[PDB]
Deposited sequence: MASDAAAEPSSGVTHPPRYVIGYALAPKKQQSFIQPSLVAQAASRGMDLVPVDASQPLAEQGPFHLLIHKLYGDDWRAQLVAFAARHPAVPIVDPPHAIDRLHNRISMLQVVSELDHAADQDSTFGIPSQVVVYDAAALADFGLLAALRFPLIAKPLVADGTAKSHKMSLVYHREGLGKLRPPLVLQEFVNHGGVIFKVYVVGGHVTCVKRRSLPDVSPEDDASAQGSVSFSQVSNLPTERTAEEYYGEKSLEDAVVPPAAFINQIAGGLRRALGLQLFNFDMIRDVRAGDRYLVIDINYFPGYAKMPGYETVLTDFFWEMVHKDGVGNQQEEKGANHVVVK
């Protein structure tokens, strides 16, 4: 009796293997939603009508197909738009966006200061590096997340630092008490994981406002953010990283969370 919605999905085979699971496909179809793979080997405008597109692909060809799609079909949502995803690719611009949140709660929300190093010479000669407290978080300045060496790494000593490839961004990583909070966000829904960095949770209303703010600022429905407590004061939180469309299939109950999401998106008013 009631009509059916197509969710097209354009994902790499490994993301497909991990995120598109029998349980997801079956729950979604049970509620009237058909997850349908997108032929990477064929144009998007040549592909069957969609009420919703989700993807995690990069590259000029894909972005092009999506811009075309967006022009041709303004009412069909894209999760997430390529321009919104680009906002994550420069670490310094990403954190620029997070700076623009209003904080106007009894918990405070800061961004950590960063050192940017652009060449081999600087990595050896820059005096300021010799007054940095290890361990350090290092990330290439522009990445995307695709290459394995576009990921955050710890550095325990100067010698480890000198073997990294510039341009990179460094952050002191010492005020956190050995605890990271990975926060997974799916539209208006938030979930939170204490993890022990170096291989006592924040107030839930606070985390919700932060997730709310990042979502409005980045224009992404699917991300996680890492945060730490500043254990100097013990009421101050710092966002240290944001990653697009993370590995939700590790969270139990993810199929229910993503199916409710998919359904919210295909009733977008």
Counting from 1 along the deposited sequence, the ranges with no C-alpha atoms are 1-14, 119-120, 216-255, 326-342
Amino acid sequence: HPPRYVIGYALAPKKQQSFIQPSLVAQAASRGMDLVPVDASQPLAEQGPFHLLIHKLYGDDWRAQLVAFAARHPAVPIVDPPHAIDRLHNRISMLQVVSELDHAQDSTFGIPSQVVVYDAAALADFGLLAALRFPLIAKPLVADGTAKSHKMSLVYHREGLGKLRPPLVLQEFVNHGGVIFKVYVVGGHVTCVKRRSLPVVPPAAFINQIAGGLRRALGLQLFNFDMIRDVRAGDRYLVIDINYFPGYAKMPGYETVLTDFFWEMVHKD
From here on, numbers count along this sequence of modelled residues.
Higher avg CA temperature factor (91-99 vs 147-155, as deposited) belongs to 147-155
Looking only at C-alpha temperature factors in the entry, 239-247 or 53-61, the higher average sits in 53-61
Entry record, C-alpha B-factors for 187, 135, 112, 74; the maximum is at 74
Note to self: of 32, 212, 234, 219, the C-alpha temperature factor tops out at 234
Chain thirds by Cα B factor, record data; residue 27 belongs to the lowest
Chain thirds by Cα B factor, record data; residue 172 belongs to the lowest
Binned into thirds over the chain's modelled residues, the C-alpha B-factor of residue 225 lands in the middle
Among the modelled residues of its chain, the C-alpha B-factor of residue 204 falls in the third labelled highest
Binned into thirds over the chain's modelled residues, the C-alpha B-factor of residue 68 lands in the middle
